[PDB]
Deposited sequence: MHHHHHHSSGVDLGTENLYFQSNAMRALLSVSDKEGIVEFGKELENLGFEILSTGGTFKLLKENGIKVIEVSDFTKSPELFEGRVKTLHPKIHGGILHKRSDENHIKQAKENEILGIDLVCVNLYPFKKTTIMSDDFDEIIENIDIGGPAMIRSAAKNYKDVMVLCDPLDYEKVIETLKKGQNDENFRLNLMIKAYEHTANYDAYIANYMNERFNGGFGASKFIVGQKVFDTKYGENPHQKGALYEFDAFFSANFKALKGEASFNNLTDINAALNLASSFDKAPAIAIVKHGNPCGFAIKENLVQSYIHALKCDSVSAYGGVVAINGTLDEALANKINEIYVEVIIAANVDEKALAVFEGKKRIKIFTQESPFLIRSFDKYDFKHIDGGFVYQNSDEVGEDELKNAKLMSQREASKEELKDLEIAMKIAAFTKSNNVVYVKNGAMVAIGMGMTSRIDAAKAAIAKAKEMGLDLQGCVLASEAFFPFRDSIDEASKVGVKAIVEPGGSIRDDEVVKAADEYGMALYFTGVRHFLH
């Protein structure tokens, strides 16, 4: 006889409407509402499930006068259906209609009604009711959660449609994040900040063993983690300072990788961010504890290794509880500009970028030199342009960036390497953008560079190839530019 169309909002009705797609914990919640003195209204399968479990419930029909003060409604699993199937008609069937209208209408009437759209909130709601804490502020926070839920549902639908039919660049783009935590401050102490995630990447794969990451720590962790996880199971160590790499090495073991990464620039590593592709043991911990680093992120950390930093107050230690580092692979990238944002496909160093590169020179690089070029390419692509990266025997030996000219950047890189007492003879060089003139090769000959990898594409490419041939260097043109602001 009664339908949802005959139900209206009324404070003190002590009558709950329970109509859910996700039926998890609905029986116990219905039993707890009944014990609290609520009359229960329900539809379809929810009604049959409640009645079956001895709950006193009255059936109302779906639209496809009685007052209510609790609306417990959740939606058709659209997200789960799109992940599990490509059948478009099945996907359209899992678009909930009616459910969001009920959630949004109850939310707008929060002064008089409680709105529940998440089974994870049932136990909290019951305890609030038992403690006599169902006040206007409690219902206002449920109203905020309700509009976040319906906004997220339709944003997911719109993003999925635009990914399937408009190559991921639709008329309206929704960048939706779920808060992980607030940071102590933003880029500067006078700014507030927070970390947001698209799914569960940070929630599921990061555990703070000591301290709390700052806003700048997180962008530095991202950069160090992306570099140290780019070489499979190899014992990579990445050292980052102010968003740029200042150290990188792969050696026989993690302790040797750390000592050689640190050799490139000890000065900048003081207060840096260290990413370890493997176990942080007691030995590695003491080696790092010779200087004061701000952050250490390891795949897994030993108890004795954590104890080594009991003295340092501002050091932060993170674990992924994994044998090797786990990274995220976002398909799209975005940059804030005043008034909006620019959106694009994520840049990536292709697995066959060096393998498919054109050999331009008389000389071919050796197997060890090709490994060093691979390391140099990846560092250059992850570093903010215009840059030059010098790698020797699995370790970065010099890096230049930020200058108006790379000839000026290279001279600053060589100056730091001389200061560090590093032998650059036999090293390889990578740049993420083409070298415009042969002076780039002539400057490289001074330090005994043996192999070069660059995208190629200059009008003076012929004189660059000739200069490499004069010095007997290996030269590869990838045809892939990796500029990064």
Problem - Sequence ranges absent from the coordinates, based on the deposited chain and numbered from 1 - result: 1-11, 76-113
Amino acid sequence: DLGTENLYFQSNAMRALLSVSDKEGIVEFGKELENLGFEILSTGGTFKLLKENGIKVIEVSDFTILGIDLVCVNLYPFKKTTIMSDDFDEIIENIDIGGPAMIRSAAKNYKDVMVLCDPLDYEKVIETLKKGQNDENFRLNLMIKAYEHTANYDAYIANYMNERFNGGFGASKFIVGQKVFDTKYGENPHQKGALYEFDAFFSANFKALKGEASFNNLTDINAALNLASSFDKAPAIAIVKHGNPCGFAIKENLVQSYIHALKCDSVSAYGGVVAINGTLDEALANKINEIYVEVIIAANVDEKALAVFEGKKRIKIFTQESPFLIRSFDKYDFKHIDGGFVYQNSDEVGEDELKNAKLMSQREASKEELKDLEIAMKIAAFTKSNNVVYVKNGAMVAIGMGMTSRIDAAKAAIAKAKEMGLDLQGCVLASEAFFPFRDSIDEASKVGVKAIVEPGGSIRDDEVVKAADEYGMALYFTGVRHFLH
From here on, numbers count along this sequence of modelled residues.
Handout entry: Mean C-alpha temperature factor, higher of 163-171 and 117-125
Key = 117-125
Completion exercise
Quick note on 38-46 and 416-424: per-entry mean CA temperature factor is higher in 416-424
Fill in the blank from the handout: Residue set 366, 344, 191, 74, per-entry CA B-factor max assigned to 366
Exercise for the section: From the list 380, 155, 84, 228, select the residue with the highest C-alpha B factor recorded in the entry. Expected result: 84
Fill in the blank from the handout: For residue 461, the third of its chain by CA B-factor is the highest
Exercise for the section: Ordered by C-alpha B-factor within the chain, which third holds residue 290? Give me lowest, middle or highest, please. Expected result: highest
Completion exercise
residue 197: C-alpha B-factor third of its chain, per the entry, is the lowest
Practice task
Classify residue 387 as lowest, middle or highest third according to the C-alpha B-factor given in the PDB entry, relative to its own chain.
Solution key: middle
Completion exercise
So, residue 453's CA B-factor, relative to its chain, sits in which third? The middle
